[PDB]
S.K.: 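One structure, as structure tokens, below. Some questions next.
These values consider heavy atoms only, across backbone and side chains, with no hydrogens, waters or symmetry-generated copies. So you know, we letter chains A, B, ... as the sequences are listed, proteins then strands, and number each from 1. Whatever order the structure lists them in is the order used to number ligands and atoms, beginning at 1.
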Amino acid sequence: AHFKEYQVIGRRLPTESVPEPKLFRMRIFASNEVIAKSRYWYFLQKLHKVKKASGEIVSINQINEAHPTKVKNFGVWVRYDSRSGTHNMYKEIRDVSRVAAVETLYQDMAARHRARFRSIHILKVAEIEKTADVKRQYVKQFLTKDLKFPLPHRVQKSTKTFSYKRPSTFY
Amino acid sequence: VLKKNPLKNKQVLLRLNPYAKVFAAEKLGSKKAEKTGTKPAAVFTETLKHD
Amino acid sequence: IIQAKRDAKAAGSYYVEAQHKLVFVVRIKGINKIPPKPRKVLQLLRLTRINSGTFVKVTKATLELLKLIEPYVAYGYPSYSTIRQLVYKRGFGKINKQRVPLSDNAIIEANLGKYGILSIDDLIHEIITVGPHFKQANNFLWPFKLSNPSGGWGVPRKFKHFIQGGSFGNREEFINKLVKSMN
Amino acid sequence: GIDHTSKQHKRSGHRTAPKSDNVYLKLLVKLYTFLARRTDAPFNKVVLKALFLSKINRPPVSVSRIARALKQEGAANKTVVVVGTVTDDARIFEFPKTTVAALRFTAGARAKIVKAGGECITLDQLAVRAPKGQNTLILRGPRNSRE
Amino acid sequence: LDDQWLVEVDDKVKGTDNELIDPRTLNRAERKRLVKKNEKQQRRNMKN
Amino acid sequence: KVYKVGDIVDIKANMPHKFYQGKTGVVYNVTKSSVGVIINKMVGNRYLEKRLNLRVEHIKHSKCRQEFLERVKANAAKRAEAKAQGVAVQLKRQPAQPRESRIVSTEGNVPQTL
RNA sequence: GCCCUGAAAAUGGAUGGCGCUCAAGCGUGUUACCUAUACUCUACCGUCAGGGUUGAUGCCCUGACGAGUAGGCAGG
RNA sequence: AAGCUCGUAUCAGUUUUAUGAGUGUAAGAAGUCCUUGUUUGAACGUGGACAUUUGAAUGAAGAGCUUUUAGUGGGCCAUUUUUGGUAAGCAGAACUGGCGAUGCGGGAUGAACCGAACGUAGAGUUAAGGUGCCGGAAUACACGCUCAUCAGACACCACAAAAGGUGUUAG
RNA sequence: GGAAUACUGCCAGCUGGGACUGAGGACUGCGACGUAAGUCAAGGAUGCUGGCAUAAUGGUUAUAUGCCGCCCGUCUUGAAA
Ligand SMILES: [Mg+2]
Ligand SMILES: [Mg+2]
Ligand SMILES: [Mg+2]
Ligand SMILES: [Mg+2]
Ligand SMILES: [Mg+2]
Ligand SMILES: [Mg+2]
Ligand SMILES: [Mg+2]
Ligand SMILES: [Mg+2]
Ligand SMILES: [Mg+2]
């Protein structure tokens with residue numbers, strides 16, 4: 001669906017002589033909190049030796065974009081599950097929000113790489129402060145000063161089956 | 001002879017629950033809470049904003 | 001519960017709320033082609049036809065049954081308003097092995113008065129707070145016969161997990177929206 | 001579709017009615033149906049059930065068996081009730097004075113009881129005398145002894 | 001079979017007094033009986 | 001390590017009949033060399049009774065009823081104690097219950113991002 | 001990742017047909033919509049079950065069910 | 001199908017706990033206490049007594065024992081375990097489903113595919129599959145990819161050597 | 001620093017439009033509004049009005065249209081094959 005970002009903080013169950021186990025936080029992109037918690041347990045078991053049965057979720061909070069009406073460039077570092085192994089991929093996405101950039105990235109992985117949400121891992125989404133660190137041409141072409149472009153061949157949606165006039169594509 | 005849903009029939013609702021009259025009169029379905037000025041800790045804010 | 005969460009954040013801590021003590025379960029798949037062990041567990045939870053629902057007290061003994069019948073149910077944590085609307089609209093009692101509608105407080109007093117339950121609101125209380133007589137109250141309630149959801153299931157394919165875009169399994173708090181659509 | 005946990009349309013049975021076409025037997029069944037419904041007495045329940053039994057399940061009760069039942073302590077003045085036929089027995093030489101209620105008496109059995117000094121009464125006479133079956137003793141004859 | 005860890009007792013052994021004996025012991029006795037019978041047959045061929 | 005008739009044993013090898021590994025049965029026959037074991041096996045819709053003969057080192061005394069015996073003793077003792085000192089006691093086992101609320105402190109335990 | 005080649009016989013024929021090219025193709029996401037003898041509610045038939053009742057193998061009240069070959073029982 | 005019983009009786013294609021194995025067994029009247037009798041100890045007893053807080057969860061109104069006879073018993077397909085294999089198909093075991101006796105919706109059509117099992121109707125809502133037209137239902141919205149001198153809309157098996165290409169896109 | 005709004009949830013909040021159904025047949029019950037006598041949407045539809053009064057509604061029959069429907073019985077897994 002449309003993505004939200006959550007911080008999920010969990011821990012092992014306290015035992016005898018071991019109070020206050022270490023708290024682990026993870027940033028998860030998901031459609032809702034049930035999916036977010038599921039992905040968190042998946043990664044915690046994949047990385048450490050912690051199971052959902054032996055642990056608990058301490059906190060889960062939605063994280064909002066700080067400046068959702070500011071256009072930013074994002075470097076996205078991902079890796080996808082494969083027979084040859086984990087494969088790094090770096091992409092650049094221009095958008096106003098991290099969740100919008102991640103939604104674009106998932107749609108793009110489905111379109112080009114034929115990849116699914118369960119197969120894609122997000123390693124890091126970072127905002128590029130300076131425009132000189134942008135290094136993909138399909139993003140750098142939109143960083144030109146006084147950028148103006150037209151939209152040739154305008155196709156207007158018709159509400160009726162028949163039109164009494166030949167259409168125009170002018171804009 | 002005929003089952004009447006108390007969620008739609010007010011007489012049946014009042015027959016089953018005498019407190020529904022008090023609830024409607026006091027507007028307890030729209031009760032306002034007292035406001036407090038409790039502030040979260042800076043450690044919570046830093047952990048929430050942390051990457 | 002709300003203020004405790006506010007005080008925990010103010011003191012730099014985290015309030016971890018108590019685990020849910022009650023689930024509501026709805027059978028989602030039909031009676032054709034069910035493996036034997038899940039079929040038996042569905043019968044033991046009294047989900048004998050599609051869109052039949054029951055309340056289950058959460059213990060370690062019951063979580064494993066839910067795990068066994070996961071591909072054929074949708075279940076979650078019901079809210080008080082969901083329980084109340086279920087009991088008011090589709091609440092029927094098992095009296096002398098017959099399905100008797102709960103249209104008066106006298107029927108409930110005559111059948112559950114030995115456990116201190118005098119009215120439909122007392123029954124609702126005993127369900128929501130999983131009390132000492134939860135087993136008796138819950139078995140007194142006849143299994144709920146829900147309709148298909150009024151707006152649909154929201155997915156093209158029902159028989160995948162709720163996490164993977166389907167319908168079955170634990171959907172936690174979203175069971176309230178689903179059951180209110182089905183009620 | 002419903003996954004039935006039990007068999008559908010299953011009869012309880014329990015021999016609801018007698019299989020005879022005897023008008024007098026149907027009258028007695030009607031009377032004890034009324035009594036078993038309107039008294040809540042287990043005696044009337046037992047009598048109503050025994051009125052439905054088949055012939056091979058209603059074996060005769062002898063006067064010697066009745067006398068042996070009467071020899072029990074505290075039971076000398078009770079009315080003996082046999083839902084069936086009371087037959088005579090030449091192997092016994094002394095018979096007490098008692099009242100017997102039965103569907104049928106053989107001529108020898110009735111003569112022996114009346115000679116001893118009691119009376120042979122019908123089950124409706126018993127119904128009037130003891131509408132709850134007070135001070136009675138129901139006797140059943142041997143089952144396995146026929147084959 | 002003498003060193004086999006587990007043997008299932010045949011149902012034909014029921015109804016007899018040989019039910020309680022070890023099947024390995026029964027097989028050893030049968031083997032020795034066959035060998036001694038072979039020796040007796042050799043002795044008979046020798047006498048002929 | 002003496003086995004008698006009616007004793008309950010577990011089958012454990014220290015090649016054939018690999019089905020009867022971890023099955024539990026009842027001793028019916030004890031000789032100088034072997035032990036007879038009664039086993040209930042599922043054949044169709046009805047259990048069938050089988051006689052197995054094992055070596056001594058391939059079985060051991062089973063501990064299946066030990067919890068039941070200890071619980072019976074403890075229940076009798078606790079019921080007697082509650083009879084002596086008039087108080088309400090609970091003697092049935094319970095399933096493991098869901099946990100209660102708690103406050104988790106980040107005092108020295110500041111959560112770390114993976 | 002998508003595309004082309006990566007072998008084919010032999011009456012004229014097939015993504016079911018028409019046809020479709022920023023698709024009416026392919027991958028994915030969000031909603032709306034269509035309709036099974038399935039699910040919910042109501043009526044009616046029959047069957048079973050539980051009750052009540054001084055034309056009584058009748059009457060009344062209540063609940064739940066209804067696939068079916070060989071075969072079985074029952075009422076016509 | 002008939003009887004005798006019992007009916008907090010008898011249980012259960014399920015979980016839990018304990019205890020084995022790498023799915024088995026057990027969880028109370030077919031009990032338990034004191035009292036010291038049997039060949040200082042195992043194993044059986046003399047006599048009394050403790051309940052509706054009689055020994056996990058969930059469900060269940062029928063259960064047990066006796067008699068009592070119509071029709072049928074070598075089938076096909078699929079899933080999961082094990083052992084051996086072939087140019088390749090596969091072959092021997094064990095357990096579990098589906099079908100024959102069975103209609104209905106969908107997959108254009110159909111033994112084993114996807115939904116769902118069936119009294120007679122009305123109304124509402126859906127499943128699977130779909131919504132250019134045939135045909136009920138958006139020539140909907142959104143991000144990308146592809147132009148094939150017989151594309152594709154397919155079975156995820158084979159052709160297939162992850163081979164060939166100055167097609168094109170992103171790593 | 002102080003507001004607003006989205007999102008999610010709740011109300012025994014108010015209210016407009018459409019469709020199908022009207023089983024039961026003296027009373028008895030649980031309730032509600034009233035100080036009260038009474039009244040009510042509370043153990044299942046009544047009130048008011050019009051036209052027609054016969055082929056008008058309906059049935060039957062011959063057909064037309066849309067969609068569905070292979071020839072039965074037997075015998076063999078199975079059969080249009
Ligand atoms: Mg709709
Ligand atoms: Mg669908
Ligand atoms: Mg049905
Ligand atoms: Mg199409
Ligand atoms: Mg598409
Ligand atoms: Mg159309
Ligand atoms: Mg070829
Ligand atoms: Mg007409
Ligand atoms: Mg046709």
S.K.: If I only include protein atoms of type N, O or S, how many are less than 2.8 Å from the Mg ion (ligand 2)?
M.R.: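 Atoms of protein N, O or S type lying less than 2.8 Å from the Mg ion (ligand 2) total 1.
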S.K.: Determine the interplanar angle of the C:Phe168 and C:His161 rings, folded into 0 to 90°, and report it as parallel if under 30°, tilted if 30 to 60°, perpendicular if over 60°.
M.R.: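 It falls in the perpendicular class, over 60°.
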S.K.: Can you find a side-chain donor-acceptor pair between C:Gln43 and D:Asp3 that sits under 3.5 Å?
M.R.: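 Yes, side-chain donor-acceptor contact under 3.5 Å.
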S.K.: Between A:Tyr106, A:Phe43, A:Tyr80, which is the residue that forms a ring pair (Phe, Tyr, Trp, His ring centres under 6.0 Å) with A:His121?
M.R.: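 Per the ring pair (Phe, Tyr, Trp, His ring centres under 6.0 Å) rule, the option paired with A:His121 is A:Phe43, out of A:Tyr106, A:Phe43, A:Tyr80.
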S.K.: Side chains of C:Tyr88 and C:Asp121: do they bring a donor and an acceptor to under 3.5 Å?
M.R.: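 The answer is yes; a qualifying pair exists.
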S.K.: Under 4.0 Å between a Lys/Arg side-chain N and an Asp/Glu carboxylate O for B:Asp51 and A:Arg27?
M.R.: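 Salt bridge between B:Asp51 and A:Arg27, a charged N being under 4.0 Å from a carboxylate O: yes.
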S.K.: Could you please spell out the steps behind the side chain to side chain contact (heavy atoms under 4.5 Å, CB included) verdict for B:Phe44 and C:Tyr14?
M.R.: CA-CA 9 Å; B:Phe44 177 84; C:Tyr14 294 109; 3.6 Å; yes
